[PDB]
Amino acid sequence: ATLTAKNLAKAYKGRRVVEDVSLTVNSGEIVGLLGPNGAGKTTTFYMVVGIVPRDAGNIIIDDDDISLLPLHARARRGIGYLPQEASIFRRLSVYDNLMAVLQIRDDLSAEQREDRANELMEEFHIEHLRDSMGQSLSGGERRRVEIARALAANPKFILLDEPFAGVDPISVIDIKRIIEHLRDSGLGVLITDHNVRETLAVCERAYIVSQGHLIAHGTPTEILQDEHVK
Amino acid sequence: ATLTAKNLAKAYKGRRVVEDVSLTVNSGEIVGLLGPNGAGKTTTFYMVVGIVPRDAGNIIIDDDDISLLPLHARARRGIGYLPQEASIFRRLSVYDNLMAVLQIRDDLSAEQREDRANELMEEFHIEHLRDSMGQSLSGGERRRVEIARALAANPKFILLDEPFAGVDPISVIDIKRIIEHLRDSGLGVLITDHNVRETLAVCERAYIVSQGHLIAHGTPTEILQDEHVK
Amino acid sequence: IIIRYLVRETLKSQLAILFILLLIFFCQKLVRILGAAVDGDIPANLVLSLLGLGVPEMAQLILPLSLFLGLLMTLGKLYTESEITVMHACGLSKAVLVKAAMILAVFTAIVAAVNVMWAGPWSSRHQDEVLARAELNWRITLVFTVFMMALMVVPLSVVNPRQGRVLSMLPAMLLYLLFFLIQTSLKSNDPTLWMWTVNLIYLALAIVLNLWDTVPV
Amino acid sequence: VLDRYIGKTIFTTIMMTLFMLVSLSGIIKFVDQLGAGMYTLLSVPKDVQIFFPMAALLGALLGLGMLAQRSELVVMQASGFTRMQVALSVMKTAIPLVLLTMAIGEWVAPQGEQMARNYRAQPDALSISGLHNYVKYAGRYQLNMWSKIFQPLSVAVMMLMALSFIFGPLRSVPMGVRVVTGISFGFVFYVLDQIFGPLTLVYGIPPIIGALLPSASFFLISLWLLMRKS
Amino acid sequence: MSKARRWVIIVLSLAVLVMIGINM
Ligand SMILES: CCCCCCCCCCCCCCCCCC(=O)O[C@@H](COC(=O)CCCCCCCCCCCCCCC)COP(=O)(O)OC[C@H](O)CO
């Protein structure tokens, strides 16, 4: 019910961009991860997921070091992920897209392939679209199915990647409902985004890196004081 | 010295985007063009600086119908565009970069042409370096140079295209000093953005685009008061 | 200055597309001294000057292609980084690109002239020896190509960035191949020199397509 | 099932990149007249013996590209699958294709090619079966015997070549270079099958496996790309 | 794309593609 990735370091052809970074999340929290661009926002975050491999340290989820193990079994281990842009399968039916992850759930039976399909379909109030092509949705409607194809993998800790990345600010009030709803069931959500003065309204630890160094952390009220964070 | 757009429009594939656009600028004011995504911020802004063809309307600079004139001619009349992404000259010296603007500046004689650029490197604080290839510059130091290019062509109306394009907020107040500095020298500036929390601090009067209309004829104080803003 | 910015860089990629093109046509000829020497009675150890000093059979054919596709590739890098449209939105017009294309074409048209007259019989009369009307008039419609494709490729360099680079430079490479293949079928054929208007139509297309936005309706 | 999705996507293009490309080489066979002769309508599958495997890459990488750079392959990655399980899916839909080019080597194509030259009245390829024990007294026909047994094997190697450098070097690139690299490794089979036949026939003292080597050098490359980087 | 850009690369390519067969 707790991951920890200690002492994360990474170099690009003999050039250090991330070096000795550590963070602790628990179950039931939203933890931000901010900073300046090109300095350790993504390269720390993409190495927790596993798109880029590590160079040192240990990524531990419940006393189980998964550091040698890439992304192709971390979703089976309990780490969810979803990209920055449109990632609906966009040739397939929505109901078929929703149980697409449910087929690789080999501890489950065939009558339960309707159970976690039909429970999770009517959970997000999108059950009126059982037959729909992939390129027949909108920006406030694509995102709600894309979240739904991440709870279906049954993860412990989902890791978003800048969800509000090009929406108008009188529409981020409904994304924050989805973030709190995932926060409601106890699964931890670690996000990284560039607009700093928007994600501080919904976050609870908010690590901040720069130049591949941990600088300040803790809580948002106890972080607006330091000289080094300016 | 006053742009006056009147009744702009655009249509393709039997579908319309732009109707009834009548924005103006003046010498010494910072005019926003904020709004939602895809509803016609970009198509209106590319209509003023005609990368896209005009279908209807007219734009004038002191009774000079320059609407049919392409980007060849609007540089000769007072319009200076600034692109979104990294638009520096790639592998060429920074002092040599300002000189390439000053070839076709034939009203200004070519003996202060090597002298005004000596003065012009001073005020944007770039004269720390004078010979450097454009590869080895960062996203903040280069931002003070792309502005210096179109400023060297001596326009009346600089035209910016999202200078708040996802940088750290300690560099927002870096750019905010530049915009308040180039409004002092009589230059009107139109600006588009999606960072509307930071656009409405540098502005005097804004506009809006909601699928064609103009619902924002006035000041930033009339934004927290008006009802049809949703 | 800004003319010097182009011709120091297109010639930095002229030579790079040259050597990858001079090597890709050895392996369509060195095949033909192994795939034809066992099939069409050509000896074995004569290749050292047959493949060696056989190069004006091909180097009269790739200098108008390497100057063309060298210039096209280095304008595709120059539009998609939006370095054209901060230079275009300054005072200088489209003519800076066209004036630059002629200067880099002189450094090829001199080479295409010295090859076609002086380094031709250096192999055709000092290496055609073993050591072991039918007029062609194709040498003038090959020097004239070099000052012609460079004049028309600078308006055909748009990239319209929703579509990719390779699809953007498709109607240029495919239009050069149409021009540079009539001029072999109209060499083997017999109304010869009637193909001089074929050289003149795409010169008129080189003027029509170059200025198509300065003019009114 | 989404294993019936990647296989459907590959089989969508591997016919579509074939029918466009064979008929491109069909309309170029209006050379015999240089008018009622349907000589090119009658010798269609004679090209599909050899004009198929270079379309078995361009098309298994064209169509899988628009499955990958729509940010979709890194979702099935992060939702339970292994890198091997997606490699098993193209081989689940290679076996309806290697058998389909096995059929034209015996039944379809040389039956019409027998009457190809006969219909236009005013390497001695016959079949796999009839050419077996035809060369009993060896020679060049023993090579083009042994070339034609596992010429259909190269199609199964080809979709393992196409999937090889879609996980390695060539993934974060635009769609245009996936065709040029998708054709330069397809054009190179012309300059490889048409030399190492006469190489081994002249110089190669193992005269039997001179045709295995073109379909062997595109297997060492595929085992290097997916067993060295990670 | 455009209304003409998906109509030039069909006609002009076809004039290339038939012209190879003249001297093949
Ligand atoms: C027998 C063959 C000999 C020559 C064949 C010539 C065929 C056509 C001549 C060359 C046309 C292709 C040259 C480049 C095409 C467009 C490049 C360009 O400048 O941009 C646009 C130019 O527009 C066109 O492509 C249309 C040009 C011709 C329209 C149709 C052809 C008319 C030809 C008349 C007679 C043709 C007879 C045979 C046809 C080949 C096209 O893209 P866009 O308009 O979507 O975006 C750019 C925007 O327009 C910028 O302003």
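Only the coordinates and a few stated rules stand behind these numbers; no lab work does. Every residue, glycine among them, receives a Cβ derived from its backbone with ideal geometry; neighbour counts consider all protein chains shown.
Over 31 Å between Cα atoms: which of C:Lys77/D:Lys46; B:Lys10/C:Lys12; D:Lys92/D:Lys229; A:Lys10/A:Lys230; B:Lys6/C:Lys77; B:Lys6/B:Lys230 fall into that group?
Over 31 Å Cα-Cα: C:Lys77/D:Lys46; B:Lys10/C:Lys12; B:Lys6/C:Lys77.
Are there GluC sites (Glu not before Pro) in region B:83-179 that DSSP puts in a loop and that have at most 13 other Cβ atoms within 10 Å, and which ones?
Passing both the DSSP loop test and the Cβ count: B:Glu85, B:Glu111.
At a Förster distance of 60 Å, what's the computed FRET efficiency of C:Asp41 paired with C:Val217, Cβ-Cβ distance as r, to 0.05?
With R0 = 60 Å, the Cβ-Cβ based efficiency is 0.40.
Explain nothing, just the number: dipole magnitude of region D:3-225 about its Cα centre with +1 on each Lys and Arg Cβ and -1 on each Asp and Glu Cβ, in debye rounded to the nearest 20.
200 debye
Taking the alpha-carbon centroid of each part, what is the distance from region A:12-69 to region B:147-207 in angstrom?
Measuring centre to centre over Cα atoms gives 36 Å.
Which residue, B:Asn58, B:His125, B:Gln135, has the largest displacement toward the positive end of the dipole of chain B when charges sit on each Cβ (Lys, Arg +1; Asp, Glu -1)?
B:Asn58
Using a 7 Å offset from the Cα along the Cα-to-Cβ direction at both B:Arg144 and D:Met20, what is the distance between the two label points in nm, to one decimal?
5.1 nm
Could you tell me which of rounded, prolate or oblate describes region A:176-219, using a ≥ b ≥ c as the square roots of the eigenvalues of the alpha-carbon gyration tensor, with rounded for a/c under 1.5 and, failing that, prolate when a/b is larger than b/c and oblate otherwise?
It comes out prolate by the Cα gyration axes.
How high is the FRET efficiency from B:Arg90 to B:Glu180, r the C-beta distance, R0 41 Å, rounded to 0.05?
My answer for the efficiency is 0.85.
What nm value, rounded to one decimal, do you get for the distance between D:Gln111 and C:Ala113 when each label is placed 7 Å out toward the C-beta?
The modelled label-to-label distance comes out at 6.5 nm.
Compare the Cα positions of A:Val172, B:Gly80, C:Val159 along the charge dipole of the protein assembly as shown (+1 at Cβ of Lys, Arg; -1 at Cβ of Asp, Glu; about the Cα centre) and return the one farthest towards the positive end.
Positive-end residue among those listed: C:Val159.
If you build the Cα gyration tensor of chain C and take the root of 5 times each eigenvalue, what three semi-axes come out, in whole angstrom, biggest first?
Values: eigenvalues 261, 85, 53 Å².
They are 36, 21, 16 Å, listed from largest to smallest.
Evaluate the charge dipole of region A:68-122 about its Cα centre and quote only its size in Debye, nearest 20, assuming +1 on the Cβ of each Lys and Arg and -1 on the Cβ of each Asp and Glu.
The calculation lands at about 380 debye.
Counting only Cα atoms, I'd like the Rg/Rh figure for the protein assembly as shown, Kirkwood definition for Rh.
0.99
Given N residues in chain D, what is Rg(Cα) / (2.2 N^0.38 Å)?
1.12
In chain B, if the dipole is taken from +1 on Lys/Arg beta carbons and -1 on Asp/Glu beta carbons about the Cα centre, which of B:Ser67, B:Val17, B:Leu33 is farthest to the positive end?
The one lying farthest along the dipole's positive direction is B:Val17.
Give me a single rounded figure for C:156-169: the average over its residues of other chain Cβ atoms within 10 Å of their Cβ. Display every interim value, and only then the final one.
On the way: counts 0, 0, 0, 0, 3, 1, 1, 6, 6, 4, 7, 7, 2, 1.
Going residue by residue through C:156-169 and averaging, the value is 3.
What angle, in degrees between 0 and 90 and rounded to the nearest 10, separates the Cα long axis of helix A:139-151 from the longest principal axis of the Cα atoms of chain A?
So the helix axis and the longest Cα principal axis differ by about 90 degrees.
Copy-to-copy spacing for B:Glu114, label 7 Å out on the Cα-to-C-beta vector, in nm, shortest first?
Nearest to farthest, the other copies are at 8.7 nm.
Tell me the Kirkwood hydrodynamic radius of region C:1-103 in angstroms, computed as one over the mean inverse distance between distinct C-alpha pairs.
16.4 Å
7 Å along Cα→Cβ for the label point: how many nanometres lie between A:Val196 and each equivalent label in the other copies, listed shortest first?
Shortest to longest, the spacings are 2.4 nm.
Please find, among residues of chain A, the one with the beta carbon closest to the rotation axis relating it to chain B, distance in whole Å.
A:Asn195, 3
To the nearest Å, what is the center-to-center distance of region D:162-230 and region A:97-144, using C-alpha atoms only?
What the calculation gives is 41 Å, centre to centre.
To the nearest 0.05, what FRET efficiency results for B:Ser132 and B:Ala73 with a Förster distance of 35 Å applied to their C-beta separation?
Numbers: r = 33 Å, r/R0 = 0.94.
It comes out at approximately 0.60.
Got the B:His213 label distances to the other copies yet, label 7 Å along Cα→Cβ, in nm, shortest first?
The projected label point of B:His213 is separated from its counterparts by 5.3 nm.
To the nearest 10 degrees, how steep is helix B:113-123 against the longest Cα principal axis of chain B, on a 0 to 90 scale?
Compared with the principal axis, the helix lies near 70 degrees.
Can you pull out the chymotrypsin sites (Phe, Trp or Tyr not before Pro) in region A:55-111 whose DSSP state is coil and whose Cβ has at most 11 other Cβ atoms within 10 Å?
none
What does the helix-only formula give at 222 nm for chain C: each DSSP H stretch with n ≥ 4 adding -39500 (n - 2.57), the total divided by the residues, and the result rounded to the nearest 500 deg cm²/dmol?
Value at 222 nm, helices only, nearest 500: -17000 deg cm²/dmol.
Return the tail of the calculated pair distribution for region A:131-181, meaning the percent of Cα-Cα pairs more than 12 Å apart.
71 percent
Name the residues whose placed amide hydrogens come within less than 5 Å of the amide hydrogen of B:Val18, ignoring near sequence neighbours (fewer than 5 apart) on the same chain.
For B:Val18, whose amide H was placed from the backbone, the distant partners under 5 Å are B:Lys10.
Suppose each label sits 7 Å from its Cα in the direction of the beta carbon; what would the B:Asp20-C:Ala132 distance come out to in nanometres?
Rounded to a tenth, the inter-label distance reads 8.6 nm.
What value, in deg cm²/dmol to 500, does the helix sum -39500 (n - 2.57) over DSSP H runs of n ≥ 4 give at 222 nm once divided by the residues of chain A?
Helices in chain A give a 222 nm mean residue ellipticity of -6500 deg cm²/dmol.
Here is the link list: B:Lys41/C:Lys99; A:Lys176/B:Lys41; C:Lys187/D:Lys148. Which ones come out longer than 29 Å on Cα distance?
Violating the 29 Å Cα-Cα cut-off are B:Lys41/C:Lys99; C:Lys187/D:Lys148.
Work out the length of the dipole vector of region C:2-208 about its Cα centre, built from +1 on the beta-carbon of each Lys and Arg and -1 on the beta-carbon of each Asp and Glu, and round it to the nearest 20 debye.
Approximately 660 debye in magnitude.
Bin all alpha-carbon pair distances of region B:21-180 at 5 Å intervals from 0 and give each bin's fraction as a whole percent.
With 5 Å bins starting at 0, P(r) equals 1, 7, 16, 19, 20, 17, 12, 6, 2, 0.
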